[PDB]
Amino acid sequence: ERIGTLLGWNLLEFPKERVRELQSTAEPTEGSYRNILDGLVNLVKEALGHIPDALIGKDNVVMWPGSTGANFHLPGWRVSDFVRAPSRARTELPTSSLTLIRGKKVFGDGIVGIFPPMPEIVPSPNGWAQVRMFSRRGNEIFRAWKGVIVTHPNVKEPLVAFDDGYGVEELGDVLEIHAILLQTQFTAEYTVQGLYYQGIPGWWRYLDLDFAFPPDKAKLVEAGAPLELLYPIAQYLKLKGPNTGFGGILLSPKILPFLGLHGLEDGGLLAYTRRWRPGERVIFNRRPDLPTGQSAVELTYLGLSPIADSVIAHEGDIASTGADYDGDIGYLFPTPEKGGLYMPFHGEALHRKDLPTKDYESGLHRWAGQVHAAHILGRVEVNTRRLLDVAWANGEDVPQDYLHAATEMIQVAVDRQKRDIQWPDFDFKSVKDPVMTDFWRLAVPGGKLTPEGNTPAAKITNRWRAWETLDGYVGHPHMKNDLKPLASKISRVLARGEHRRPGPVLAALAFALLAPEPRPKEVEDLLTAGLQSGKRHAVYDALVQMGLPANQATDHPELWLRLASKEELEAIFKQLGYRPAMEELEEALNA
């Protein structure tokens, strides 16, 4: 459940295709912006007569107080940054508890609290959380903070960075703290964008094929389920790099004295891992990866960070990446000499910070800017990658000027989500043909090797079929040529599982499993509901969640498979003479 929600705010969401239709024609102009605002007004007005006061939104989502919800003493537009995020865990401290350290960016630009252990929002005594915090009384909120809270046993008193807050100087009689992201490490893989901007020569030679099964299906695989039950296997394919990095929350060395620790040498970094030794070089990375290559920089690892699951690095060292400490993830990869795929940036970053600023009139205008800028950001990003393909095909490079200009546009597009900045002069150079970037967008949507969430099992085989048609795309000759062995591997895996369908296995299971044990009326009722309405799967998800016993489900093999234990799975597969899926998949990999 969202923050604003728990403050009683209203959440209305639109069909995402409405917003996407609006964005399709967006240009970096005033007239295009205008277009977006108009159509967004239409969506809201159609839904409830007027533009409610203090309304904010992002993409297809809109929220507003009314007077049913809590009230903010900050500009209307600013409040978007506080209401939309999920409250994953909450806690409250009396204003009287608090020590108010003074200075802007005192703990590091984005770190807002430094506290004693707090097992209510932070699992580690020496941990962190990304948070929103509110100084409130009743239904007032006078001052609010967004960013990171650090936790440590050497810290005696809750420290709060006062001047980093938003609102006005007065405080309530509480601090409510919502953790929007709980302490964790982050998967650290190379991305398509990063490989296009800073990848070593011939980086594509080091991509390989892998499988990722959700724990559900991992249990089947481990128990020796047959290939039939993984149909279509494409749903479980992923590319992988030759190694992975470290990923943790990015923190500032400015926190170290507040922990009773010493500072940190220039050019050096700490990280909560023993994978590097003091003295060794590492590649520091922070996303988005920018067209110049400046998102990846070489720094010296100098030892353990005091905070779990974190990277500590100086503002000056990571300025080119555009990083800060309000939730950014810091990734560390091995250097090229040590097997890394990202090359360190050398030289001249655009020294950006302070010039053509200006606020949005209102939450609504801010929302229109976000929606508008989001479209441009993608257009510039994709475009730059297409051009690199066109260039590489010829044997030329895209001029550095362009990469610098594209970068500045990207950075403004991100900025234009917060405030009303002037669009720089940018010539979107056309692209004639399908290029490899178009291929990459099919095969690896979003650019990340670990696929996100949602692709219907119906469409996913088509994605992995694209590897057949490499030769139809303009791009670098060695890239298209050297991808052929990986394309072949992919083809074999698909070919092995094509035509191996689950139907006969589910039918056999129904005959090999004992009669169902006696089950409550609730359960019979749901099961009846599912079958008569053709919504088995909703019913099954329910029953899985409600901890139904395996032996009560044997007349529903699909459901049974989700409740059975290791032992029961192993037994039934042996009884039916199945060859383990994995043996078949290894054979297809290695042929």
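All residue numbers are counted from 1 along the displayed sequence.
Taking only CA atoms, the mean B-factor in the PDB entry is higher for 11-19 than for the other of 11-19 and 563-571. Two stretches are in play, 21-29 and 572-580, and the higher mean C-alpha B-factor belongs to 21-29. Across the options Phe211, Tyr231, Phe72, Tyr196, the residue with the most elevated CA B-factor in the record is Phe72. In the deposited coordinates, the residue among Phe142, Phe345, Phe258, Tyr272 with the greatest CA B-factor is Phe142.
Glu157: CA B factor lies in the highest third for its chain, per the PDB record. Sort the chain's modelled residues by C-alpha temperature factor and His365 lands in the highest third, per the entry. In the deposited entry, the Cα temperature factor of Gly113 sits in the middle third of values across the chain's modelled residues. In the deposited entry, the Cα temperature factor of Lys429 places it in the highest third of its chain's modelled residues.
In this PDB entry, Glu558 carries a Cα temperature factor that places it within the lowest third of its chain's modelled residues.
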